[PDB]
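Enquirer: Protein chains in written order, with PDB author numbering: chain B, 116 to 299; chain B', 116 to 299; chain A, 8 to 375; chain A', 8 to 375. A prime marks a further copy of an entry chain. All C-beta atoms in this analysis are idealised placements derived from N, C-alpha and C, irrespective of residue type, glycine included. Quick one: this structure, given as structure tokens, is what I'll be asking you about.
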Amino acid sequence: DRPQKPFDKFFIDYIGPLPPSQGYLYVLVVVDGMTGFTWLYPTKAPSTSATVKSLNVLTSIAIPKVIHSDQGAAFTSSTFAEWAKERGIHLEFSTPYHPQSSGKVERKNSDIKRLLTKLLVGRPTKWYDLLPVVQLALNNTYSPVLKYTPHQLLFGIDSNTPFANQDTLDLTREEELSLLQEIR
Amino acid sequence: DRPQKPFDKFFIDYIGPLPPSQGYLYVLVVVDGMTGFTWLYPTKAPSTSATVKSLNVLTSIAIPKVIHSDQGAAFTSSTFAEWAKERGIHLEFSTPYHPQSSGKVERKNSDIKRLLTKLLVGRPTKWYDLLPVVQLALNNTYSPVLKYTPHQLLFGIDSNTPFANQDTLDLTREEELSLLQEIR
Amino acid sequence: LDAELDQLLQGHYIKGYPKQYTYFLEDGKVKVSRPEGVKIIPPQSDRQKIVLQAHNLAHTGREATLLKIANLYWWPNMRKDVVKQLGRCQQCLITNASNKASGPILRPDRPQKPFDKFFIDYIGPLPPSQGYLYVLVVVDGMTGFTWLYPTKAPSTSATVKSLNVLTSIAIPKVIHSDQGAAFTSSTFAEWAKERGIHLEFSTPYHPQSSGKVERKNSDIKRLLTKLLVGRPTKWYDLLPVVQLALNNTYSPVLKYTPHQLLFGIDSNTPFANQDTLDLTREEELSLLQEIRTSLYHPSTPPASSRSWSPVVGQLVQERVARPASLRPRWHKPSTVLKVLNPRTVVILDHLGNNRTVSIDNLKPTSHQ
Amino acid sequence: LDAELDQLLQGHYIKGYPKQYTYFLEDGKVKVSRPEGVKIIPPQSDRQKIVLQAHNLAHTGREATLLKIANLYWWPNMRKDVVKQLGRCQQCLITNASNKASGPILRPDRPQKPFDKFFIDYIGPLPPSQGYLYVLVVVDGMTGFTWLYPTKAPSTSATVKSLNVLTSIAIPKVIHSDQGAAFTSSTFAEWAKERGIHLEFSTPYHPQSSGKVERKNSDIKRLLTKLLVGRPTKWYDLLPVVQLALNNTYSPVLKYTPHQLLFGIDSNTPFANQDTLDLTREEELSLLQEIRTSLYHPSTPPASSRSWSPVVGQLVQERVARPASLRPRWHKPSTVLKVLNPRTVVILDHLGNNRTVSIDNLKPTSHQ
DNA sequence: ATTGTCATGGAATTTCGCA
DNA sequence: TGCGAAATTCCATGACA
DNA sequence: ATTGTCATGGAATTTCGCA
DNA sequence: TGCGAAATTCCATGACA
Ligand SMILES: O=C1c2c(ccc(O)c2O)CN1Cc1ccc(F)c(Cl)c1
Ligand SMILES: O=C1c2c(ccc(O)c2O)CN1Cc1ccc(F)c(Cl)c1
Ligand SMILES: [Mg+2]
Ligand SMILES: [Mg+2]
Ligand SMILES: [Mg+2]
Ligand SMILES: [Mg+2]
Ligand SMILES: [Zn+2]
Ligand SMILES: [Zn+2]
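Okay, here's the thing in structure tokens:
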């Protein structure tokens, strides 16, 4: 059987609702299975429509063979199905309540949730602006298991923005008290 | 002494007043001494100003060494003198009451007066339009004395409009009775 | 289709499929092991569709299309089928640029006599000077002698006004012009017939065809510019000066000024040539006839290494004149009816008319 | 003046006046019998004025000026004095065209890595599509991989919006652009410094300098055009298609598509290349690093037979950018401070500033 | 049914003044 | 029958929007 | 302180299939 | 070890207003 490549499989999922930021409420998360490269798109809802709008942007840069998701409404609609068939993208579902991805992906998705939380404190409303810097972070993060970052696996070169001081990613004492106080 | 050439001497004179035609009243007449070539310019008056305006047109095509005229007011003004000096055109006057030109010129000027008269009968008001056809006539007229027309002497070639039926130039019976009746 | 390919799997030889490679089946499709790798060999009845799908991705030409197909397929003479499609793609044919140059320019004979041919044209709009915006430029073909008339529009009415004044001097056999509105009006047509003048027109959108006057327009603008350096652009009053200046300027190659070629003698202008002071006018006119006929005439330049020359019945396309944004630069293919000369042709056009056009405004339709 | 000419009439030899001709007096002027005829020999103190009067008639160059003078005069080395005047005629220097071509173009090295250099530029205005009129085009130098963003203006604000979205993928070392208002604003400057991006600018009015993106603009317009043949020009919805189409199209000379040079593997697009199906991503990335470095690079073409190359301290003139009607096409002479490369220079300019300009926007001042 | 042109200023070439 | 320098000719370049 | 580029389709050239 | 035909490469042309 053939080795795993980029664009083999895109794992997609929504995160939200979050506090309004420049009109937006959710984040569509795309992660490449092989490389762990991450794309993020802000949406106003978790709908087939918002998913297609966003995926249209990405699929005009590269097209996955397979998209993997939970049985979210937006992904199970026949509109979404029609969309993917139109592009010879095979769709793939984890069974309800029991979500399976891959270790690499699971861990990536975990970093994504944590890193978001870390920045939407103090400025829970200003995340829209930060989505680009978040992505660069995530994508220039060293993978313990592989010798390489997702940027390096995707493009085959070092990045002009390496994230050398790999961070706490943990809530400092002040943030705990103003996150357990922001959700008051 | 050197042979006579075109542009050696321009003989100028006014003819008019004539019946109004498209605003004009007079004809400035320029005839080249050597070639007998004729230029005609319609003016509103026999003034230094109208003369300069007209001669400016001609002297932007060719410049005579000498202009010859009677002691008409327009030609004796110091404005006209200044104009000619500006162009290294020497001015030359026949003594008052006794006008001398050259045989060729005299005869040309004669044709000009006659041919005009012949056409400003029946249409005494429409001559402005005819000044071009008059000139072509005059300039493609065979010179008994020289083997050539003024067009041929000026340009050294046949003309695309030869005036083959050299005309009466005399008033036919009907025109006599309506010229001795137009000046009623 | 399946006939040929059946015939093949069972080891028998088919023309076009070289024998040294072996042709198996897998996943229900005929494949072959080629040096580059294993490629599907679609049935002939499928190949048109494939070539088309590949071509349509970015409407690519020969090699870029081939390279997409070769990714998956192999069959005999692929490029033939690729080219077959390119030649049928309306959208590619009318949008792509040519990559073949026009053949070398003609250097038409200089008119034999002053007044044989005029070339006329407008310059402008220019900065308003006394309410005038254009200049009628009339250039004698043989001599280069040039007349200038300031106008308020490049209109028939103004053209006739100026030309009545000019033709008081002489009437020309022929007046050549571009297809500007002023010259193609039927009023102008009447005006010319009235005087036994023949109207000659450049092919459309090809000012090189009026090169005589065009080129003189350059000198006129150039000299006006120098004369107006650091003054307000009040050019009306300078037309007469520019006229006289240029008509009396030497062409270094000819060694004559248009005034000399027109008259055989300088008038009372600065630096007048005095060399024929001792000849009679007739000896002078006789030397002029000599000078006139022996003037330098250039010849056709060498064709560029990749020019094309039109051939009767060839498929060619006329350039769209003023193409709208995002619209094709070329009209649909049409046929060469008649080869008037190697740089001029008559074609049966995009609707159904006859048109005389410059080779410069055509490309040969590619892929036949 | 009269010293030399006195000395001469009385048969004695003066340098420059050949001895075999005889030099008489007549009408109070020194004359000489030359093969062409008798010519006046003005005193040296008169010659400047003469050359000037002759030149000024039509502001003519060397030979046409000489020919007027030779009509009346002779003296030693006339053309030297003629050229002396030409070189001092402000009006001729800033109005005449050059007749010396630029030296051969540089073919700069291809950026080594994706994201090393971006070339960015706007296309438009285009027919309004969903209230959009322009397109931001971003082209990776190394790969040719291209991003498209529809905008309402070629503004800094829109450039920043689009580039924030792009640079979520990667941040580039350098962004090269023309001097359009959008890119030269200090807001854009801040935006770039904020991210450790270096801003690189073309010399002014020289889009060849952005040739990478310029050339890609052509492909973009060409493909949009074909796609819109016989439909209303609704291009907004096609940007994404055009992007994907072109990023996945083969360059026949390279044998690769920008997508391949960017990723080393085709994505799920039609006709995807399958050749590395058996390599591991690492073996794949290793072959990509190889492919990348060994790509065809063109070389400087032969200089044309009459090019000029700039030399430190030479007098050169910058082309007036948007010259008003009837105004000079050239600025006043200026000096070459520094030769940055054979096609780029720094000059001390028309007011008193330093300017970096393309050799294409300069002519060497004639007559020194 | 029509068609490029020619000022320009360095360089290449020819001619000139003298022997 | 030959030299060094001037004079002439050649000609690629660019603009006629 | 900066710098032309590359799709295109005939032609020229090399390679291929067979001997 | 050499042929005829296909495949590939070369490259001038033109457009990025
Ligand atoms: O003079 C005109 C002109 C044009 C379009 C339509 C007309 O009617 C014109 O008079 C363009 N043009 C300038 C021009 C451009 C390129 C050339 F090669 C030459 Cl020779 C001349
Ligand atoms: O694209 C632009 C552009 C221009 C002026 C000013 C700008 O800012 C531009 O972007 C002109 N232009 C098209 C062009 C013309 C000739 C060439 F050789 C190339 Cl490469 C490209
Ligand atoms: Mg015109
Ligand atoms: Mg024109
Ligand atoms: Mg631009
Ligand atoms: Mg541009
Ligand atoms: Zn097509
Ligand atoms: Zn000047």
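Starting from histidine 66 of chain A', find everything on chain A with Cβ-Cβ shorter than 9 Å and list it in chain order.
Expert: For the purposes of this step, residue 66 of chain A' is taken as residue 59 along the fourth sequence, with counting starting at 1. The contacting residues are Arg229, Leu230, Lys233, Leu234, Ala252.
Enquirer: How big is the Cα-Cα spacing for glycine 148 of chain A and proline 349 of chain A?
Expert: Here residue 148 of chain A corresponds to residue number 141 of the third sequence, with the count starting at 1. Here residue 349 of chain A corresponds to residue number 342 of the third sequence, with the count starting at 1. Answer to the nearest angstrom: the Cα atoms are 22 Å apart.
Enquirer: Let me know if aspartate 282 of chain B comes out buried or exposed under the rule of 16 or more other beta-carbons within 10 Å of its beta-carbon.
Expert: Counted from its first residue, the first sequence places residue 282 of chain B at position 167. Under this definition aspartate 282 of chain B is an exposed residue.
Enquirer: Using beta carbons (cut-off 9 Å, strictly below), is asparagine 106 of chain A' in contact with chain A?
Expert: The count along the fourth sequence starts at 1 and reaches residue 106 of chain A' at position 99. No, because no Cβ of chain A sits closer than 9 Å to the Cβ of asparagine 106 of chain A'.
Enquirer: Taking C-beta pairs closer than 7 Å, name the residues in chain A' that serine 136 of chain B reaches, listed in chain order.
Expert: Position 21 of the first sequence, counted from the start, is the residue given in the question as residue 136 of chain B. Going along chain A', no residue has its Cβ under 7 Å from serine 136 of chain B, so there is no contact; the nearest lies around 14 Å.
Enquirer: Does the stretch 317-336 of chain A' touch the stretch 97-115 of chain A', meaning 3 or more C-beta pairs lie closer than 8 Å?
Expert: With a cut-off of 8 Å, the stretch 317-336 of chain A' and the stretch 97-115 of chain A' count as touching, because enough Cβ pairs lie within range.
Enquirer: According to a CB-to-CB cut-off of less than 9 Å, which residues of the stretch 295-320 of chain A' neighbour chain B?
Expert: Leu295, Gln296, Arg299
Enquirer: Over what stretch of residues does the beta strand (DSSP E) that includes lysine 345 of chain A' continue unbroken?
Expert: Looking up residue 345 of chain A' in the fourth sequence gives position 338. From DSSP, the beta strand (DSSP E) with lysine 345 of chain A' extends over 341-348.
Enquirer: Anything in chain B' within Cβ reach of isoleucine 272 of chain A, meaning under 8 Å, just list it in chain order.
Expert: The residue you call residue 272 of chain A lines up with position 265 of the third sequence. In chain order: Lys120, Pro121, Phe122.
Enquirer: To the nearest angstrom, how far is the alpha carbon of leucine 295 of chain B from that of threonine 232 of chain B?
Expert: The residue labelled residue 295 of chain B in the question sits at position 180 within the first sequence. The residue labelled residue 232 of chain B in the question sits at position 117 within the first sequence. Their backbone Cα atoms lie some 12 Å apart in a straight line.
Enquirer: Is the closest heavy atom of ligand 5 to the C-beta of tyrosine 129 of chain A' under 8 Å?
Expert: As a position in the fourth sequence, residue 129 of chain A' is number 122, starting the count at 1. Checking every heavy atom of ligand 5 against the Cβ of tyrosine 129 of chain A', one is found closer than 8 Å.
Enquirer: Given a limit of 7 Å on CB to CB distance, which residues of the stretch 144-159 of chain A' reach chain B?
Expert: none
Enquirer: For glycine 218 of chain B, which residues in chain A' fall below 9 Å Cβ to Cβ?
Expert: Position 103 of the first sequence, counted from the first residue, corresponds to residue 218 of chain B. None at all; the shortest Cβ gap to chain A' is about 17 Å.
Enquirer: Any heavy atom of ligand 2 within a distance shorter than 8 Å of the CB on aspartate 226 of chain A'?
Expert: In the fourth sequence, the residue the question calls residue 226 of chain A' occupies position 219. No, ligand 2 has no heavy atom inside 8 Å of this Cβ.
Enquirer: Under a CB-based cut-off of 9 Å, is residue 376 of chain A close to chain B'?
Expert: A query on residue 376 of chain A cannot be resolved here, the shown segment of chain A reaching from 8 to 375 and no further.
Enquirer: Which bits of chain B does residue 378 of chain A' rub up against, with CB to CB less than 7 Å?
Expert: Outside the displayed range of chain A' (8 to 375) lies residue 378 of chain A', so it cannot be described from this structure.
Enquirer: Distance, Cα to Cα, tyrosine 28 of chain A' vs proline 42 of chain A'?
Expert: As a first step, residue 28 of chain A' is located in the fourth sequence; it is residue number 21 there, counting from the start. As a first step, residue 42 of chain A' is located in the fourth sequence; it is residue number 35 there, counting from the start. C-alpha separation (whole angstroms): 9 Å.
Enquirer: Can you name the start and end residues of the beta strand (DSSP E) that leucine 355 of chain A' belongs to?
Expert: Locating residue 355 of chain A' in the fourth sequence gives position 348, counting from the first residue. It spans 351-355 - the beta strand (DSSP E) in which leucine 355 of chain A' sits, taken as one unbroken run.
Enquirer: Between which two residues does the alpha helix (DSSP H) harbouring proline 277 of chain B' extend?
Expert: Numbered from 1 along the second sequence, position 162 holds the residue referred to as residue 277 of chain B'. Per DSSP, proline 277 of chain B' belongs to no alpha helix (DSSP H) and is neither H nor E.
Enquirer: Residues of chain B with CB closer than 7 Å to the CB of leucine 292 of chain A', please, in chain order.
Expert: Translated into the one-based positions of the fourth sequence, residue 292 of chain A' becomes position 285. Under the 7 Å cutoff, chain B gives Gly271.
Enquirer: Any heavy atom of ligand 6 closer than 8 Å to the Cβ of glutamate 221 of chain A'?
Expert: Position 214 of the fourth sequence, counted from the start, is the residue given in the question as residue 221 of chain A'. Yes, Cβ of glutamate 221 of chain A' sits closer than 8 Å to a heavy atom of ligand 6.
Enquirer: Reducing DSSP to helix, strand and coil, say where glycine 218 of chain A' ends up.
Expert: Along the fourth sequence, read from residue 1 onward, the residue named residue 218 of chain A' stands at position 211. It is helical.
Enquirer: Kindly say whether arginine 288 of chain A, judged by its beta-carbon, lies nearer than 9 Å to any beta-carbon of chain B'.
Expert: As a first step, residue 288 of chain A is located in the third sequence; it is residue number 281 there, counting from the start. Yes, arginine 288 of chain A counts as interfacial toward chain B'.
Enquirer: I'd like the span of the beta strand (DSSP E) that includes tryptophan 154 of chain A, first residue to last.
Expert: What you label residue 154 of chain A is simply residue 147 of the third sequence in a count that begins at 1. Unbroken beta strand (DSSP E) run through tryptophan 154 of chain A: 153-158.
Enquirer: Which residue comes first and which comes last in the alpha helix (DSSP H) that contains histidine 62 of chain A'?
Expert: Within the fourth sequence, the letter at position 55 stands for residue 62 of chain A'. Looking at the DSSP string, the run of the alpha helix (DSSP H) that includes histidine 62 of chain A' is 51-63.
Enquirer: Under 8 Å Cβ to Cβ from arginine 326 of chain A', same chain only, skipping five residues before and after it: list those, please.
Expert: Taking the first residue of the fourth sequence as 1, we reach residue 326 of chain A' at position 319. Here the set comprises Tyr212, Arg336, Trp337, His338, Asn368, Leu369, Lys370.
Enquirer: Return the residue from the list B/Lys241, B/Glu207, B/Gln250, B/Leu235 that minimises the CA-CA distance to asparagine 224 of chain B.
Expert: Walking along the first sequence from the start, residue 224 of chain B turns up at place 109. Minimum Cα distance to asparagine 224 of chain B is reached at B/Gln250.
Enquirer: Return yes when at least one heavy atom of ligand 8 lies under 8 Å from the C-beta of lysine 233 of chain A, else no.
Expert: Within the third sequence, the letter at position 226 stands for residue 233 of chain A. For ligand 8, at least one heavy atom lies less than 8 Å from the Cβ of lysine 233 of chain A.
Enquirer: So which residues of chain A' does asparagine 224 of chain A contact, with C-beta pairs closer than 9 Å?
Expert: Along the third sequence, read from residue 1 onward, the residue named residue 224 of chain A stands at position 217. Near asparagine 224 of chain A there are no residues of chain A' at all, since even the closest Cβ is about 12 Å away, more than 9 Å.
Enquirer: Return the CA-CA distance between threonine 163 of chain A' and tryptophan 154 of chain A', expressed in angstroms with no decimal places.
Expert: Along the fourth sequence, one-based indexing puts residue 163 of chain A' at 156. Along the fourth sequence, one-based indexing puts residue 154 of chain A' at 147. Taking the straight line from one Cα to the other gives about 17 Å.
Enquirer: Just to confirm before moving on: does the CB-CB distance between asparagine 84 of chain A' and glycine 44 of chain A' stay below 9 Å?
Expert: Indexing the fourth sequence from 1 puts residue 84 of chain A' at position 77. Indexing the fourth sequence from 1 puts residue 44 of chain A' at position 37. Not a contact, by the Cβ cut-off of 9 Å.
Enquirer: For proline 259 of chain B', write down the residues that DSSP places opposite it in a beta bridge.
Expert: As a first step, residue 259 of chain B' is located in the second sequence; it is residue number 144 there, counting from the start. None, per the DSSP bridge assignment.
Enquirer: So for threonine 363 of chain A', helix, strand or coil by DSSP?
Expert: Indexing the fourth sequence from 1 puts residue 363 of chain A' at position 356. Here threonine 363 of chain A' sits in strand by DSSP.
Enquirer: With a 10 Å radius around its C-beta and 16 neighbouring C-beta atoms as the bar for buried, classify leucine 235 of chain A as buried or exposed.
Expert: By 1-based counting over the third sequence, the position of residue 235 of chain A is 228. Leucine 235 of chain A should be labelled buried.
Enquirer: Less than 9 Å between CB atoms is the rule here; does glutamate 70 of chain A' satisfy it with respect to chain A?
Expert: In the fourth sequence, residue 70 of chain A' corresponds to position 63, counting from 1. By this cut-off, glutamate 70 of chain A' is an interface position.
Enquirer: Whose CA, out of A/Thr72, A/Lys107, A/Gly151, lies closest to the CA of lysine 91 of chain A?
Expert: Along the third sequence, one-based indexing puts residue 91 of chain A at 84. Out of A/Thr72, A/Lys107, A/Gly151, A/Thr72 has the C-alpha closest to the C-alpha of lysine 91 of chain A.
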